[PDB]
Amino acid sequence: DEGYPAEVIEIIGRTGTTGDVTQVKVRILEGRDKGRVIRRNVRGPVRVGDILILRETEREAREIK
Amino acid sequence: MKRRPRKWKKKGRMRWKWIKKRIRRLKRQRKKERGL
Amino acid sequence: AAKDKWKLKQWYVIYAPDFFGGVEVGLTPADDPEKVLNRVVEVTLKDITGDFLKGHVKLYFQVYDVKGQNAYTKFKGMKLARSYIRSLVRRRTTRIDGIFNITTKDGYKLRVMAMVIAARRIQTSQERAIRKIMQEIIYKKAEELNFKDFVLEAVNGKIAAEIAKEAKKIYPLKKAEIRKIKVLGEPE
Amino acid sequence: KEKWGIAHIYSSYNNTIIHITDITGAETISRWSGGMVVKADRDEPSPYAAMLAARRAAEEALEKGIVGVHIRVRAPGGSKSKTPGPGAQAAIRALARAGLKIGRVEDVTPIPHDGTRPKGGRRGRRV
RNA sequence: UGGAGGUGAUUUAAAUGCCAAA
RNA sequence: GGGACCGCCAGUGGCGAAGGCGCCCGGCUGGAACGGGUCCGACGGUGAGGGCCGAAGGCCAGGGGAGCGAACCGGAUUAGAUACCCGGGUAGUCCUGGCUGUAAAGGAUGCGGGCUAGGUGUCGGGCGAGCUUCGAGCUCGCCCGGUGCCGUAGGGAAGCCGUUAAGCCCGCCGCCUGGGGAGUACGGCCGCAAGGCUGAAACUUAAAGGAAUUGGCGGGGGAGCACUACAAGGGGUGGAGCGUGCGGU
Ligand SMILES: [Mg+2]
Ligand SMILES: [Mg+2]
Ligand SMILES: [Mg+2]
Ligand SMILES: [Mg+2]
Ligand SMILES: [Mg+2]
Ligand SMILES: [Mg+2]
Ligand SMILES: [Mg+2]
Ligand SMILES: [Mg+2]
Ligand SMILES: [Mg+2]
Ligand SMILES: [Mg+2]
Ligand SMILES: [Mg+2]
Ligand SMILES: [Mg+2]
Ligand SMILES: [Mg+2]
């Protein structure tokens, strides 16, 4: 309902039609899946140590090269 | 018909298969007009 | 209404046939005891006897008799897993198959599929010789034993060991197996 | 003791079907497809639709006493494609997250030994 | 290093060449 | 219950004159390689006329009909869409007995014989040596016959070919003589039909055709770049009246 905080640990690379999306790896900080590491797509500038708020934690982005 | 493999090249002409079909259509008509 | 129709079902216990131990293998729901007949259940050999080696052997049991909440089964067929056989077949080896129709001592009709893998490519005459050896061994075993003993030796690996030992004289081998068994008819 | 069932998963390029039955295969517990959870034809084969359908099926099965399942996943096979669509693994993962135990996993796509001829002529689709 | 084969796929629509050069 | 088809193993691997031939067991039958102090004794090569074989499709009689699918009937796309795409569907594809005799039927390379550096794979037979779980097994070397690659002399317009010649020599048969008109007209033979084999002229034309080079282009591939490109943003022009430049009248 209020989402789950996750923390950025690694930057993978840019993607998207116009290069506007970045793929990152995050570690969940709260909820049922605390501690798990999954990769995600993020819009906007981001750096290591940022914290995202996820509305769901069972979708994982397709790996890029 | 006799083979002329030079005719199958496509530069500056239409496809040989369809020229052959057109000729055969035209030959049937002359044959039918002969027997009458 | 739909939840009402579900509550009418009862759960029946399924047992393995007599010569496999007659142990419990699972439960099936059904509203009328007659509808349980002829249902088929597949289990691995590892469940019947604990050993992590024979986990790619699959057995089929078919229901024939219901008494109370228990259903009893008969042996129907055996098969090896697809991923296991698909891993033995490689390039630069040779695969020999032979499919035979047999009758046991007590008039049971079986069809048996056996397979052999050789270390390299071989000539077709050597394939024919190996296939002939397979046919001889299987016919003799079928004439020798009863249905239950034949099935037990077929799944325990004894027949395959005999076939490999006999066929090493034509070419060194990599594997030898009974790939598949299906029961075709029963005595009267 | 333990009531175990079977999850049949059918995956193509156009849709996904998740069908939970009992151990013998003859009695149906639940059955959900992609077109029952999403409204766009374009989204029927997507992984997210697979997750939604799998969750619905798992809940319906859990309420009726099933504890775990064995999984049988298939493509259309036959003279059609032999490769499962994108929604197979997503459906497999969502069953375990919903509370069922998972048994053995195998694929049962039907494969011919040189059978019937495929549609499209001797040149195939020309797009 | 340079070659020869095989099996798979390949995300809407998109026709034409006039004044000239003289 | 039914009709068609034999996956992986499978290999510039095997067999056949070519077309073609891939589930297993049994019967009949054709050809080739190797081994050979065996027999005959030039019995040979090519082959005008003539004969037989010959993918798919088609035709004539009788069966069969699962899947696919000319014609055709619907749904879309489009300026139109007699198409490409989607849902159906007759002939045909399959079996028996005949006719037809055609393919980029291409190794685009007719067949027999002698000779002219090497190197390296693989299939069949034989010989020698060494191993071995004693296997119709494994490794290495040599001879003959098939089947691939790289290459010296030589050849060639070049691409390339090179003991599997497109090299040097000894034979026989077939075919060609600038581009079109034309594989047409007329005559003849063959076929149930569809068609096959044979095959000119009047006239027209200065090139047609081959192999390779430098660029330019692709609704081909890769690598890079730009606020007169986009993405993320801030402000606008296009609607009104007026200043000024241009077309027209
Ligand atoms: Mg020529
Ligand atoms: Mg739907
Ligand atoms: Mg198009
Ligand atoms: Mg143009
Ligand atoms: Mg159609
Ligand atoms: Mg050919
Ligand atoms: Mg040899
Ligand atoms: Mg050779
Ligand atoms: Mg060379
Ligand atoms: Mg004539
Ligand atoms: Mg601009
Ligand atoms: Mg912009
Ligand atoms: Mg204005």
# chains A, B, ... in the order shown; residues from 1 in each chain; ligands from 1

call {"tool": "residues_around", "arguments": {"residues": "residue A:38", "least_positions_apart": "6", "cutoff": "8 Å", "atoms": "only C-alpha atoms (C1' of nucleotides)", "output": "number ranges by chain"}}
result
A: 25-27, 60

call {"tool": "select_by_dssp", "arguments": {"residues": "chain C", "states": "strand (DSSP E)", "output": "count of residues only"}}
result
73

call {"tool": "residues_near_ligand", "arguments": {"ligand": "ligand 12", "cutoff": "8 Å", "atoms": "only C-alpha atoms (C1' of nucleotides) and all ligand atoms", "output": "list in words"}}
result
residues 230, 231 and 232 of chain F

call {"tool": "closest_atom_pairs", "arguments": {"of": "chain F", "to": "ligand 7", "cutoff": "9 Å", "atoms": "only C-alpha atoms (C1' of nucleotides) and all ligand atoms", "output": "JSON lines"}}
result
{"residue": "F:123", "atom": "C1'", "partner": "ligand 7", "partner_atom_place_in_ligand_line": "1 (Mg)", "distance": 8.2}
{"residue": "F:124", "atom": "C1'", "partner": "ligand 7", "partner_atom_place_in_ligand_line": "1 (Mg)", "distance": 7.2}
{"residue": "F:125", "atom": "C1'", "partner": "ligand 7", "partner_atom_place_in_ligand_line": "1 (Mg)", "distance": 7.5}
{"residue": "F:126", "atom": "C1'", "partner": "ligand 7", "partner_atom_place_in_ligand_line": "1 (Mg)", "distance": 8.9}

call {"tool": "write_last_selection", "arguments": {"atoms": "N, CA and C atoms (P, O5', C5', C4', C3', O3' and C1' of nucleotides)", "output": "PDB file, in the first residue's frame"}}
result
ATOM      1  P     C F 123      36.612 -42.145 -41.298  1.00  0.00           P
ATOM      2  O5'   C F 123      36.069 -42.792 -42.645  1.00  0.00           O
ATOM      3  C5'   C F 123      34.678 -42.916 -42.892  1.00  0.00           C
ATOM      4  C4'   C F 123      34.391 -43.609 -44.201  1.00  0.00           C
ATOM      5  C3'   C F 123      34.925 -45.018 -44.361  1.00  0.00           C
ATOM      6  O3'   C F 123      34.149 -45.997 -43.698  1.00  0.00           O
ATOM      7  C1'   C F 123      35.372 -43.794 -46.310  1.00  0.00           C
ATOM      8  P     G F 124      34.826 -47.354 -43.189  1.00  0.00           P
ATOM      9  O5'   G F 124      35.138 -48.172 -44.515  1.00  0.00           O
ATOM     10  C5'   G F 124      34.113 -48.835 -45.235  1.00  0.00           C
ATOM     11  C4'   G F 124      34.649 -49.600 -46.420  1.00  0.00           C
ATOM     12  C3'   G F 124      35.756 -50.600 -46.153  1.00  0.00           C
ATOM     13  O3'   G F 124      35.301 -51.810 -45.578  1.00  0.00           O
ATOM     14  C1'   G F 124      36.280 -49.359 -48.076  1.00  0.00           C
ATOM     15  P     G F 125      36.263 -52.662 -44.625  1.00  0.00           P
ATOM     16  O5'   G F 125      37.377 -53.244 -45.598  1.00  0.00           O
ATOM     17  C5'   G F 125      37.066 -54.257 -46.538  1.00  0.00           C
ATOM     18  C4'   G F 125      38.219 -54.572 -47.465  1.00  0.00           C
ATOM     19  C3'   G F 125      39.522 -55.023 -46.837  1.00  0.00           C
ATOM     20  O3'   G F 125      39.500 -56.368 -46.409  1.00  0.00           O
ATOM     21  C1'   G F 125      39.973 -53.485 -48.562  1.00  0.00           C
ATOM     22  P     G F 126      40.426 -56.852 -45.194  1.00  0.00           P
ATOM     23  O5'   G F 126      41.904 -56.805 -45.766  1.00  0.00           O
ATOM     24  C5'   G F 126      42.353 -57.751 -46.722  1.00  0.00           C
ATOM     25  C4'   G F 126      43.678 -57.359 -47.325  1.00  0.00           C
ATOM     26  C3'   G F 126      44.874 -57.344 -46.396  1.00  0.00           C
ATOM     27  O3'   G F 126      45.408 -58.627 -46.149  1.00  0.00           O
ATOM     28  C1'   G F 126      44.880 -55.390 -47.695  1.00  0.00           C
TER      29        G F 126
END

call {"tool": "residues_near_ligand", "arguments": {"ligand": "ligand 1", "cutoff": "9 Å", "atoms": "only C-alpha atoms (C1' of nucleotides) and all ligand atoms", "output": "MDAnalysis selection string"}}
result
(chainID B and resid 4:6) or (chainID F and resid 108)

call {"tool": "write_last_selection", "arguments": {"atoms": "N, CA, C and O atoms (P, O5', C5', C4', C3', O3' and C1' of nucleotides)", "output": "PDB file, in the first residue's frame"}}
result
ATOM      1  N   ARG B   4      16.801 -21.096 -74.609  1.00  0.00           N
ATOM      2  CA  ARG B   4      17.688 -19.951 -74.804  1.00  0.00           C
ATOM      3  C   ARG B   4      17.948 -19.311 -73.450  1.00  0.00           C
ATOM      4  O   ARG B   4      17.316 -18.309 -73.100  1.00  0.00           O
ATOM      5  N   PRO B   5      18.880 -19.853 -72.666  1.00  0.00           N
ATOM      6  CA  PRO B   5      19.082 -19.334 -71.306  1.00  0.00           C
ATOM      7  C   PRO B   5      19.476 -17.874 -71.256  1.00  0.00           C
ATOM      8  O   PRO B   5      19.491 -17.287 -70.172  1.00  0.00           O
ATOM      9  N   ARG B   6      19.820 -17.278 -72.391  1.00  0.00           N
ATOM     10  CA  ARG B   6      20.050 -15.843 -72.452  1.00  0.00           C
ATOM     11  C   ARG B   6      18.761 -15.065 -72.248  1.00  0.00           C
ATOM     12  O   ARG B   6      18.793 -13.906 -71.829  1.00  0.00           O
TER      13      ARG B   6
ATOM     14  P     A F 108      28.037 -26.130 -61.323  1.00  0.00           P
ATOM     15  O5'   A F 108      27.336 -25.753 -62.693  1.00  0.00           O
ATOM     16  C5'   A F 108      28.004 -25.958 -63.927  1.00  0.00           C
ATOM     17  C4'   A F 108      27.025 -26.244 -65.028  1.00  0.00           C
ATOM     18  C3'   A F 108      27.605 -26.242 -66.431  1.00  0.00           C
ATOM     19  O3'   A F 108      26.918 -27.200 -67.234  1.00  0.00           O
ATOM     20  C1'   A F 108      25.978 -24.534 -66.233  1.00  0.00           C
TER      21        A F 108
END

call {"tool": "residues_around", "arguments": {"residues": "residue D:90", "least_positions_apart": "4", "cutoff": "7 Å", "atoms": "only C-alpha atoms (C1' of nucleotides)", "output": "PyMOL selection string"}}
result
chain D and resi 47+50-51+94

call {"tool": "write_last_selection", "arguments": {"atoms": "N, CA, C and O atoms", "output": "short mmCIF file (atom, residue, chain, number, x, y, z; two decimals), in the first residue's frame"}}
result
data_model
loop_
_atom_site.label_atom_id
_atom_site.label_comp_id
_atom_site.auth_asym_id
_atom_site.auth_seq_id
_atom_site.Cartn_x
_atom_site.Cartn_y
_atom_site.Cartn_z
N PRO D 47 4.30 -11.94 -19.35
CA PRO D 47 4.61 -12.56 -18.05
C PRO D 47 3.72 -12.12 -16.91
O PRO D 47 3.41 -12.92 -16.02
N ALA D 50 0.57 -13.98 -16.75
CA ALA D 50 0.85 -15.30 -16.21
C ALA D 50 0.90 -15.27 -14.69
O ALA D 50 0.34 -16.16 -14.04
N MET D 51 1.55 -14.26 -14.11
CA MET D 51 1.59 -14.16 -12.65
C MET D 51 0.20 -14.01 -12.06
O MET D 51 -0.13 -14.66 -11.06
N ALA D 94 5.40 -17.92 -9.79
CA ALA D 94 4.30 -17.35 -9.02
C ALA D 94 3.55 -18.41 -8.22
O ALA D 94 2.87 -18.07 -7.25
#

call {"tool": "residues_around", "arguments": {"residues": "residue F:127", "least_positions_apart": "4", "cutoff": "12 Å", "atoms": "only C-alpha atoms (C1' of nucleotides)", "output": "list in words"}}
result
residues 35, 141, 142, 143 and 144 of chain F

call {"tool": "write_last_selection", "arguments": {"atoms": "N, CA, C and O atoms (P, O5', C5', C4', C3', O3' and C1' of nucleotides)", "output": "PDB file, in the first residue's frame"}}
result
ATOM      1  P     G F  35      45.076 -54.870 -53.598  1.00  0.00           P
ATOM      2  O5'   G F  35      44.851 -56.380 -53.167  1.00  0.00           O
ATOM      3  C5'   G F  35      45.180 -56.832 -51.866  1.00  0.00           C
ATOM      4  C4'   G F  35      44.944 -58.312 -51.720  1.00  0.00           C
ATOM      5  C3'   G F  35      45.577 -59.200 -52.770  1.00  0.00           C
ATOM      6  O3'   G F  35      46.951 -59.433 -52.535  1.00  0.00           O
ATOM      7  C1'   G F  35      43.362 -59.905 -52.349  1.00  0.00           C
ATOM      8  P     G F 141      50.696 -41.780 -39.064  1.00  0.00           P
ATOM      9  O5'   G F 141      51.540 -42.855 -39.869  1.00  0.00           O
ATOM     10  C5'   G F 141      52.948 -42.745 -39.961  1.00  0.00           C
ATOM     11  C4'   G F 141      53.566 -43.951 -40.618  1.00  0.00           C
ATOM     12  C3'   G F 141      53.150 -44.243 -42.046  1.00  0.00           C
ATOM     13  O3'   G F 141      53.798 -43.415 -42.991  1.00  0.00           O
ATOM     14  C1'   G F 141      53.147 -46.240 -40.802  1.00  0.00           C
ATOM     15  P     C F 142      53.053 -42.994 -44.349  1.00  0.00           P
ATOM     16  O5'   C F 142      53.081 -44.308 -45.245  1.00  0.00           O
ATOM     17  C5'   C F 142      54.252 -44.684 -45.952  1.00  0.00           C
ATOM     18  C4'   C F 142      54.138 -46.069 -46.540  1.00  0.00           C
ATOM     19  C3'   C F 142      53.160 -46.247 -47.690  1.00  0.00           C
ATOM     20  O3'   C F 142      53.691 -45.823 -48.934  1.00  0.00           O
ATOM     21  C1'   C F 142      52.887 -48.005 -46.138  1.00  0.00           C
ATOM     22  P     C F 143      52.726 -45.390 -50.142  1.00  0.00           P
ATOM     23  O5'   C F 143      52.032 -46.746 -50.598  1.00  0.00           O
ATOM     24  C5'   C F 143      52.667 -47.635 -51.503  1.00  0.00           C
ATOM     25  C4'   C F 143      51.725 -48.708 -51.987  1.00  0.00           C
ATOM     26  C3'   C F 143      50.473 -48.237 -52.704  1.00  0.00           C
ATOM     27  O3'   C F 143      50.708 -47.891 -54.057  1.00  0.00           O
ATOM     28  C1'   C F 143      49.897 -49.901 -51.139  1.00  0.00           C
ATOM     29  P     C F 144      49.814 -46.776 -54.780  1.00  0.00           P
ATOM     30  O5'   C F 144      48.400 -47.473 -54.988  1.00  0.00           O
ATOM     31  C5'   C F 144      48.253 -48.567 -55.876  1.00  0.00           C
ATOM     32  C4'   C F 144      46.902 -49.228 -55.753  1.00  0.00           C
ATOM     33  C3'   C F 144      45.689 -48.354 -55.970  1.00  0.00           C
ATOM     34  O3'   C F 144      45.459 -48.045 -57.328  1.00  0.00           O
ATOM     35  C1'   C F 144      45.320 -49.731 -54.111  1.00  0.00           C
TER      36        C F 144
END

call {"tool": "residues_near_ligand", "arguments": {"ligand": "ligand 3", "cutoff": "9 Å", "atoms": "only C-alpha atoms (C1' of nucleotides) and all ligand atoms", "output": "list in words"}}
result
residues 126 and 127 of chain D; 12 and 13 of chain E; 84 and 85 of chain F

call {"tool": "write_last_selection", "arguments": {"atoms": "N, CA, C and O atoms (P, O5', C5', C4', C3', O3' and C1' of nucleotides)", "output": "PDB file, in the first residue's frame"}}
result
ATOM      1  N   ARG D 126       5.101 -14.803 -45.733  1.00  0.00           N
ATOM      2  CA  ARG D 126       5.911 -13.779 -46.377  1.00  0.00           C
ATOM      3  C   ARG D 126       5.429 -12.427 -45.867  1.00  0.00           C
ATOM      4  O   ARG D 126       4.468 -11.855 -46.377  1.00  0.00           O
ATOM      5  N   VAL D 127       6.101 -11.927 -44.843  1.00  0.00           N
ATOM      6  CA  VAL D 127       5.789 -10.625 -44.285  1.00  0.00           C
ATOM      7  C   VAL D 127       6.992  -9.707 -44.440  1.00  0.00           C
ATOM      8  O   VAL D 127       6.875  -8.488 -44.327  1.00  0.00           O
TER       9      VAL D 127
ATOM     10  P     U E  12       6.850  -3.245 -39.362  1.00  0.00           P
ATOM     11  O5'   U E  12       5.334  -2.847 -39.625  1.00  0.00           O
ATOM     12  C5'   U E  12       4.371  -3.846 -39.899  1.00  0.00           C
ATOM     13  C4'   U E  12       3.042  -3.257 -40.283  1.00  0.00           C
ATOM     14  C3'   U E  12       2.975  -2.531 -41.608  1.00  0.00           C
ATOM     15  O3'   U E  12       2.898  -3.403 -42.721  1.00  0.00           O
ATOM     16  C1'   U E  12       1.881  -1.250 -39.968  1.00  0.00           C
ATOM     17  P     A E  13       3.663  -3.054 -44.088  1.00  0.00           P
ATOM     18  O5'   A E  13       3.017  -1.684 -44.566  1.00  0.00           O
ATOM     19  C5'   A E  13       1.718  -1.635 -45.137  1.00  0.00           C
ATOM     20  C4'   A E  13       1.280  -0.211 -45.359  1.00  0.00           C
ATOM     21  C3'   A E  13       2.114   0.585 -46.349  1.00  0.00           C
ATOM     22  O3'   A E  13       1.740   0.363 -47.697  1.00  0.00           O
ATOM     23  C1'   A E  13       1.844   1.842 -44.374  1.00  0.00           C
TER      24        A E  13
ATOM     25  P     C F  84      -2.535 -13.810 -51.335  1.00  0.00           P
ATOM     26  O5'   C F  84      -1.276 -13.295 -50.523  1.00  0.00           O
ATOM     27  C5'   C F  84       0.043 -13.588 -50.947  1.00  0.00           C
ATOM     28  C4'   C F  84       1.030 -12.612 -50.367  1.00  0.00           C
ATOM     29  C3'   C F  84       1.025 -12.467 -48.857  1.00  0.00           C
ATOM     30  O3'   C F  84       1.793 -13.468 -48.214  1.00  0.00           O
ATOM     31  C1'   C F  84       1.083 -10.331 -49.882  1.00  0.00           C
ATOM     32  P     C F  85       1.115 -14.552 -47.252  1.00  0.00           P
ATOM     33  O5'   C F  85       0.419 -13.703 -46.110  1.00  0.00           O
ATOM     34  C5'   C F  85       1.159 -13.184 -45.021  1.00  0.00           C
ATOM     35  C4'   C F  85       0.248 -12.601 -43.977  1.00  0.00           C
ATOM     36  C3'   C F  85      -0.875 -13.503 -43.505  1.00  0.00           C
ATOM     37  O3'   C F  85      -0.461 -14.441 -42.532  1.00  0.00           O
ATOM     38  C1'   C F  85      -1.743 -11.374 -43.993  1.00  0.00           C
TER      39        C F  85
END

call {"tool": "interface_residues", "arguments": {"of": "chain A", "to": "chain D", "cutoff": "12 Å", "atoms": "only C-alpha atoms", "output": "VMD selection string"}}
result
chain A and resid 32 to 33 56 to 62

call {"tool": "residues_around", "arguments": {"residues": "stretch 175-184 of chain C", "least_positions_apart": "6", "cutoff": "7 Å", "atoms": "only C-alpha atoms (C1' of nucleotides)", "output": "MDAnalysis selection string"}}
result
chainID C and resid 76:80 109:117 154 160 164

call {"tool": "write_last_selection", "arguments": {"atoms": "C-alpha atoms", "output": "PDB file, in the first residue's frame"}}
result
ATOM      1  CA  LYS C  76       0.716 -51.010 -16.727  1.00  0.00           C
ATOM      2  CA  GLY C  77       3.992 -49.701 -18.098  1.00  0.00           C
ATOM      3  CA  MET C  78       7.370 -48.172 -17.428  1.00  0.00           C
ATOM      4  CA  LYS C  79       9.334 -45.399 -19.116  1.00  0.00           C
ATOM      5  CA  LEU C  80      12.581 -43.506 -18.656  1.00  0.00           C
ATOM      6  CA  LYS C 109       1.818 -60.060 -23.745  1.00  0.00           C
ATOM      7  CA  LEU C 110       4.502 -57.392 -23.406  1.00  0.00           C
ATOM      8  CA  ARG C 111       6.220 -54.981 -25.745  1.00  0.00           C
ATOM      9  CA  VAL C 112       9.779 -54.070 -24.771  1.00  0.00           C
ATOM     10  CA  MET C 113      12.049 -51.286 -26.061  1.00  0.00           C
ATOM     11  CA  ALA C 114      15.771 -51.576 -25.299  1.00  0.00           C
ATOM     12  CA  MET C 115      18.604 -49.214 -26.164  1.00  0.00           C
ATOM     13  CA  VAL C 116      22.394 -49.428 -26.433  1.00  0.00           C
ATOM     14  CA  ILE C 117      24.957 -46.637 -26.889  1.00  0.00           C
ATOM     15  CA  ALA C 154      13.680 -55.235 -16.122  1.00  0.00           C
ATOM     16  CA  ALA C 160      20.721 -54.524 -19.152  1.00  0.00           C
ATOM     17  CA  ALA C 164      26.113 -55.255 -21.975  1.00  0.00           C
TER      18      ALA C 164
END

call {"tool": "residues_around", "arguments": {"residues": "stretch 156-160 of chain F", "least_positions_apart": "4", "cutoff": "10 Å", "atoms": "only C-alpha atoms (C1' of nucleotides)", "output": "ChimeraX atom specification"}}
result
/F:166,210-212

call {"tool": "closest_residue", "arguments": {"among": "C:34, C:12, C:39, C:56", "to": "chain D", "atoms": "only C-alpha atoms"}}
result
C:39
